[PDB]
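Student: What follows is a single structure, and I will ask about it in a moment.
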Amino acid sequence: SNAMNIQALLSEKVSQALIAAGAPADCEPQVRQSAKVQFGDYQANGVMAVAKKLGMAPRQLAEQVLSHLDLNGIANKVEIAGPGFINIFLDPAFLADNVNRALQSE
């Protein structure tokens, strides 16, 4: 009944989906708090570097990562923007629960 670190969780999961799509095991998803509210809560910005190393189009890779990424229960919406940014909008019930877990015992 212990809370997660959301950014670290998203990083782990984007990292795995990148690896399933062909990324090196030590690839960096570059998950950061979204730059603007219209880009969700977090963005994964590391697809373009991976795509280049792998010699492929970054939007093509991004779509591949999404086919491996399962954020049901966690994100209400996962969108691809520009040259393969991944924009993640959290489930409000997930956030509220995670925060209730963190403060449980308060």
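Each chain in the structure tokens gets a letter, A, B, ..., in the order shown, and its residues are numbered from 1; ligands are numbered from 1 in order too.
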Based on DSSP run over this structure's backbone, return all residues of chain A in strand (DSSP E or B), as a PyMOL selection string.
Tutor: chain A and resi 31-33+42-44+75-81+85-90
Student: List the neighbours of residue 67 (chain A) out to 10 Å using only C-alpha atoms; skip same-chain residues closer than 3 positions along the sequence, and give me the result as an MDAnalysis selection string.
Tutor: chainID A and resid 17 20:21 61:64 70
Student: Export C-alpha atoms of the chosen residues as a PDB file, in the first residue's frame?
Tutor:
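Heads up, here's the output in again_29.pdb:
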ATOM      1  CA  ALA A  17       8.851  -0.253 -24.400  1.00  0.00           C
ATOM      2  CA  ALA A  20      11.105  -4.030 -26.850  1.00  0.00           C
ATOM      3  CA  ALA A  21      11.132  -1.799 -29.982  1.00  0.00           C
ATOM      4  CA  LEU A  61       9.807   4.435 -33.596  1.00  0.00           C
ATOM      5  CA  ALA A  62       7.431   6.412 -31.330  1.00  0.00           C
ATOM      6  CA  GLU A  63       4.429   4.470 -32.749  1.00  0.00           C
ATOM      7  CA  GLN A  64       6.368   1.237 -32.154  1.00  0.00           C
ATOM      8  CA  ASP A  70       0.669  -0.305 -21.448  1.00  0.00           C
TER       9      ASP A  70
END
Student: For residue 69 (chain A), work out the shell of residues within 9 Å, counting only C-alpha atoms and skipping chain neighbours fewer than 2 positions away, then give it as a list in words.
Tutor: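 Counting only the stated atoms, we get residues 13, 14, 16, 17, 18, 64, 65, 66, 67 and 71 of chain A.
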Student: Set the distance at 12 Å and use only C-alpha atoms: which residues neighbour residue 41 (chain A) once local chain neighbours fewer than 2 positions away are removed? I'd like the list as a PDB file with N, CA, C and O atoms, in the first residue's frame.
Tutor:
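Written output follows (part15.pdb):
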ATOM      1  N   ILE A   6       6.112   8.655  -9.633  1.00  0.00           N
ATOM      2  CA  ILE A   6       5.419   8.567 -10.925  1.00  0.00           C
ATOM      3  C   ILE A   6       6.397   8.749 -12.081  1.00  0.00           C
ATOM      4  O   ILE A   6       6.365   8.012 -13.058  1.00  0.00           O
ATOM      5  N   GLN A   7       7.309   9.701 -11.939  1.00  0.00           N
ATOM      6  CA  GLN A   7       8.257   9.990 -12.992  1.00  0.00           C
ATOM      7  C   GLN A   7       9.187   8.798 -13.223  1.00  0.00           C
ATOM      8  O   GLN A   7       9.452   8.430 -14.368  1.00  0.00           O
ATOM      9  N   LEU A  10       7.106   5.924 -14.923  1.00  0.00           N
ATOM     10  CA  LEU A  10       6.957   6.222 -16.352  1.00  0.00           C
ATOM     11  C   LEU A  10       8.274   6.001 -17.091  1.00  0.00           C
ATOM     12  O   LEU A  10       8.297   5.417 -18.168  1.00  0.00           O
ATOM     13  N   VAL A  31      12.166  11.182 -19.512  1.00  0.00           N
ATOM     14  CA  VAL A  31      10.890  11.614 -18.993  1.00  0.00           C
ATOM     15  C   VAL A  31      11.082  12.844 -18.127  1.00  0.00           C
ATOM     16  O   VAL A  31      11.881  12.838 -17.179  1.00  0.00           O
ATOM     17  N   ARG A  32      10.366  13.914 -18.476  1.00  0.00           N
ATOM     18  CA  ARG A  32      10.374  15.163 -17.710  1.00  0.00           C
ATOM     19  C   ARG A  32       8.938  15.654 -17.548  1.00  0.00           C
ATOM     20  O   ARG A  32       8.057  15.232 -18.297  1.00  0.00           O
ATOM     21  N   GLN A  33       8.704  16.539 -16.579  1.00  0.00           N
ATOM     22  CA  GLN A  33       7.411  17.175 -16.426  1.00  0.00           C
ATOM     23  C   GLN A  33       7.148  17.911 -17.737  1.00  0.00           C
ATOM     24  O   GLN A  33       8.025  18.589 -18.248  1.00  0.00           O
ATOM     25  N   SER A  34       5.947  17.742 -18.278  1.00  0.00           N
ATOM     26  CA  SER A  34       5.565  18.353 -19.547  1.00  0.00           C
ATOM     27  C   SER A  34       5.827  19.859 -19.570  1.00  0.00           C
ATOM     28  O   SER A  34       5.693  20.548 -18.553  1.00  0.00           O
ATOM     29  N   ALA A  35       6.219  20.353 -20.739  1.00  0.00           N
ATOM     30  CA  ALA A  35       6.588  21.755 -20.911  1.00  0.00           C
ATOM     31  C   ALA A  35       5.357  22.648 -20.851  1.00  0.00           C
ATOM     32  O   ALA A  35       5.420  23.747 -20.303  1.00  0.00           O
ATOM     33  N   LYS A  36       4.239  22.163 -21.398  1.00  0.00           N
ATOM     34  CA  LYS A  36       2.981  22.930 -21.424  1.00  0.00           C
ATOM     35  C   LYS A  36       1.821  22.002 -21.077  1.00  0.00           C
ATOM     36  O   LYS A  36       1.883  20.793 -21.351  1.00  0.00           O
ATOM     37  N   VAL A  37       0.773  22.573 -20.480  1.00  0.00           N
ATOM     38  CA  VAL A  37      -0.400  21.815 -20.045  1.00  0.00           C
ATOM     39  C   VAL A  37      -1.023  21.009 -21.182  1.00  0.00           C
ATOM     40  O   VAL A  37      -1.473  19.878 -20.951  1.00  0.00           O
ATOM     41  N   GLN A  38      -1.021  21.558 -22.404  1.00  0.00           N
ATOM     42  CA  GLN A  38      -1.523  20.808 -23.579  1.00  0.00           C
ATOM     43  C   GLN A  38      -0.683  19.569 -23.977  1.00  0.00           C
ATOM     44  O   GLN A  38      -1.157  18.719 -24.732  1.00  0.00           O
ATOM     45  N   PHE A  39       0.534  19.451 -23.438  1.00  0.00           N
ATOM     46  CA  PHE A  39       1.347  18.254 -23.654  1.00  0.00           C
ATOM     47  C   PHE A  39       1.279  17.232 -22.495  1.00  0.00           C
ATOM     48  O   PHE A  39       2.196  16.423 -22.328  1.00  0.00           O
ATOM     49  N   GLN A  43       6.358  14.253 -20.348  1.00  0.00           N
ATOM     50  CA  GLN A  43       6.743  13.910 -21.718  1.00  0.00           C
ATOM     51  C   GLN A  43       7.936  12.997 -21.662  1.00  0.00           C
ATOM     52  O   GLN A  43       8.843  13.202 -20.858  1.00  0.00           O
ATOM     53  N   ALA A  44       7.926  11.977 -22.510  1.00  0.00           N
ATOM     54  CA  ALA A  44       9.117  11.195 -22.766  1.00  0.00           C
ATOM     55  C   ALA A  44       9.790  11.730 -24.063  1.00  0.00           C
ATOM     56  O   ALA A  44       9.209  11.648 -25.153  1.00  0.00           O
ATOM     57  N   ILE A  74      -3.144   4.147 -15.382  1.00  0.00           N
ATOM     58  CA  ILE A  74      -2.125   5.116 -14.982  1.00  0.00           C
ATOM     59  C   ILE A  74      -2.271   6.420 -15.779  1.00  0.00           C
ATOM     60  O   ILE A  74      -2.385   7.502 -15.181  1.00  0.00           O
ATOM     61  N   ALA A  75      -2.297   6.292 -17.105  1.00  0.00           N
ATOM     62  CA  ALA A  75      -2.521   7.405 -18.016  1.00  0.00           C
ATOM     63  C   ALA A  75      -3.871   7.283 -18.726  1.00  0.00           C
ATOM     64  O   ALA A  75      -4.187   6.218 -19.234  1.00  0.00           O
ATOM     65  N   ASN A  76      -4.658   8.353 -18.739  1.00  0.00           N
ATOM     66  CA  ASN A  76      -5.915   8.406 -19.503  1.00  0.00           C
ATOM     67  C   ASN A  76      -5.645   8.482 -21.014  1.00  0.00           C
ATOM     68  O   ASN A  76      -6.429   8.001 -21.825  1.00  0.00           O
ATOM     69  N   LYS A  77      -4.517   9.079 -21.386  1.00  0.00           N
ATOM     70  CA  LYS A  77      -4.196   9.308 -22.784  1.00  0.00           C
ATOM     71  C   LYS A  77      -2.664   9.386 -23.008  1.00  0.00           C
ATOM     72  O   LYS A  77      -1.930   9.998 -22.218  1.00  0.00           O
ATOM     73  N   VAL A  78      -2.198   8.703 -24.055  1.00  0.00           N
ATOM     74  CA  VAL A  78      -0.796   8.714 -24.455  1.00  0.00           C
ATOM     75  C   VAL A  78      -0.733   9.111 -25.935  1.00  0.00           C
ATOM     76  O   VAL A  78      -1.223   8.371 -26.797  1.00  0.00           O
ATOM     77  N   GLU A  79      -0.143  10.278 -26.215  1.00  0.00           N
ATOM     78  CA  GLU A  79      -0.097  10.867 -27.574  1.00  0.00           C
ATOM     79  C   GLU A  79       1.313  11.119 -28.079  1.00  0.00           C
ATOM     80  O   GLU A  79       2.214  11.499 -27.307  1.00  0.00           O
ATOM     81  N   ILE A  86       6.565  11.740 -26.688  1.00  0.00           N
ATOM     82  CA  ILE A  86       5.435  10.995 -26.135  1.00  0.00           C
ATOM     83  C   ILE A  86       4.838  11.775 -24.954  1.00  0.00           C
ATOM     84  O   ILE A  86       5.491  11.961 -23.914  1.00  0.00           O
ATOM     85  N   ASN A  87       3.590  12.211 -25.148  1.00  0.00           N
ATOM     86  CA  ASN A  87       2.848  12.984 -24.157  1.00  0.00           C
ATOM     87  C   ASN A  87       1.847  12.149 -23.356  1.00  0.00           C
ATOM     88  O   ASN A  87       0.911  11.545 -23.899  1.00  0.00           O
ATOM     89  N   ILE A  88       2.028  12.169 -22.045  1.00  0.00           N
ATOM     90  CA  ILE A  88       1.321  11.304 -21.145  1.00  0.00           C
ATOM     91  C   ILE A  88       0.403  12.099 -20.202  1.00  0.00           C
ATOM     92  O   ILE A  88       0.874  12.950 -19.457  1.00  0.00           O
ATOM     93  N   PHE A  89      -0.895  11.808 -20.226  1.00  0.00           N
ATOM     94  CA  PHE A  89      -1.883  12.497 -19.377  1.00  0.00           C
ATOM     95  C   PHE A  89      -2.337  11.511 -18.322  1.00  0.00           C
ATOM     96  O   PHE A  89      -2.965  10.505 -18.664  1.00  0.00           O
ATOM     97  N   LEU A  90      -2.035  11.789 -17.057  1.00  0.00           N
ATOM     98  CA  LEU A  90      -2.340  10.852 -15.983  1.00  0.00           C
ATOM     99  C   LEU A  90      -3.844  10.699 -15.702  1.00  0.00           C
ATOM    100  O   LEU A  90      -4.614  11.640 -15.832  1.00  0.00           O
ATOM    101  N   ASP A  91      -4.241   9.486 -15.343  1.00  0.00           N
ATOM    102  CA  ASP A  91      -5.553   9.218 -14.794  1.00  0.00           C
ATOM    103  C   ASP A  91      -5.706   9.948 -13.454  1.00  0.00           C
ATOM    104  O   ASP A  91      -4.910   9.714 -12.528  1.00  0.00           O
ATOM    105  N   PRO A  92      -6.704  10.847 -13.338  1.00  0.00           N
ATOM    106  CA  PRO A  92      -6.855  11.592 -12.074  1.00  0.00           C
ATOM    107  C   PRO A  92      -7.061  10.683 -10.850  1.00  0.00           C
ATOM    108  O   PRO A  92      -6.610  11.022  -9.754  1.00  0.00           O
ATOM    109  N   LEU A  95      -3.471   9.400  -9.786  1.00  0.00           N
ATOM    110  CA  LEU A  95      -2.777  10.429  -9.013  1.00  0.00           C
ATOM    111  C   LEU A  95      -3.348  10.530  -7.601  1.00  0.00           C
ATOM    112  O   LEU A  95      -2.582  10.461  -6.621  1.00  0.00           O
TER     113      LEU A  95
END
Student: Residue 55 (chain A): which residues within 12 Å, counting only C-alpha atoms, same-chain residues fewer than 6 positions away excluded, as a count of residues only?
Tutor: 6
Student: Rounded to one decimal place, report the CA of residue 29 (chain A)-CA of residue 15 (chain A) distance in Å.
Tutor: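 Those two atoms sit 5.5 Å apart.
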Student: Give me, as a list in words, all polymer residues having an atom no more than 10 Å from region 96-100 of chain A, counting only C-alpha atoms and skipping those fewer than 4 positions away in the same chain.
Tutor: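 Counting only the stated atoms, we get residues 1, 2, 3, 4, 5, 6, 91, 92, 104, 105 and 106 of chain A.
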Student: Could the residues in this selection be saved with N, CA, C and O atoms as a CSV table (one decimal), in the first residue's frame?
Tutor:
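The resulting part04.csv:
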chain,number,residue,atom,x,y,z
A,1,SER,N,0.8,-1.2,0.0
A,1,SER,CA,0.0,0.0,0.0
A,1,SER,C,0.9,1.3,0.0
A,1,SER,O,0.5,2.3,0.5
A,2,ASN,N,2.1,1.1,-0.6
A,2,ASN,CA,3.0,2.2,-0.6
A,2,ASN,C,3.0,3.0,-1.9
A,2,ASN,O,2.8,2.4,-3.0
A,3,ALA,N,3.2,4.3,-1.9
A,3,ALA,CA,3.1,5.1,-3.2
A,3,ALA,C,4.3,4.8,-4.1
A,3,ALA,O,5.3,4.4,-3.6
A,4,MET,N,4.1,5.2,-5.4
A,4,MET,CA,5.1,5.1,-6.4
A,4,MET,C,5.7,6.5,-6.6
A,4,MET,O,5.1,7.5,-6.3
A,5,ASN,N,6.9,6.6,-7.2
A,5,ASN,CA,7.5,7.8,-7.8
A,5,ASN,C,7.0,7.7,-9.2
A,5,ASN,O,7.4,6.9,-10.0
A,6,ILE,N,6.1,8.7,-9.6
A,6,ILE,CA,5.4,8.6,-10.9
A,6,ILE,C,6.4,8.7,-12.1
A,6,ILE,O,6.4,8.0,-13.1
A,91,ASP,N,-4.2,9.5,-15.3
A,91,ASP,CA,-5.6,9.2,-14.8
A,91,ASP,C,-5.7,9.9,-13.5
A,91,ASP,O,-4.9,9.7,-12.5
A,92,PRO,N,-6.7,10.8,-13.3
A,92,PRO,CA,-6.9,11.6,-12.1
A,92,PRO,C,-7.1,10.7,-10.8
A,92,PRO,O,-6.6,11.0,-9.8
A,104,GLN,N,-1.1,8.5,3.6
A,104,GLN,CA,-1.6,7.5,4.5
A,104,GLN,C,-0.6,7.3,5.6
A,104,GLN,O,0.6,7.1,5.4
A,105,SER,N,-1.1,7.3,6.9
A,105,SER,CA,-0.3,7.4,8.1
A,105,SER,C,0.0,8.9,8.4
A,105,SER,O,1.0,9.3,9.0
A,106,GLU,N,-0.9,9.8,7.9
A,106,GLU,CA,-1.0,11.2,8.2
A,106,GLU,C,-2.4,11.7,8.5
A,106,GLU,O,-3.1,11.2,9.4
Student: Which residue gives the smallest distance to residue 40 (chain A) among A:81, A:101, A:94, A:9, with only C-alpha atoms counted?
Tutor: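 Result for the nearest residue to residue 40 (chain A): A:81.
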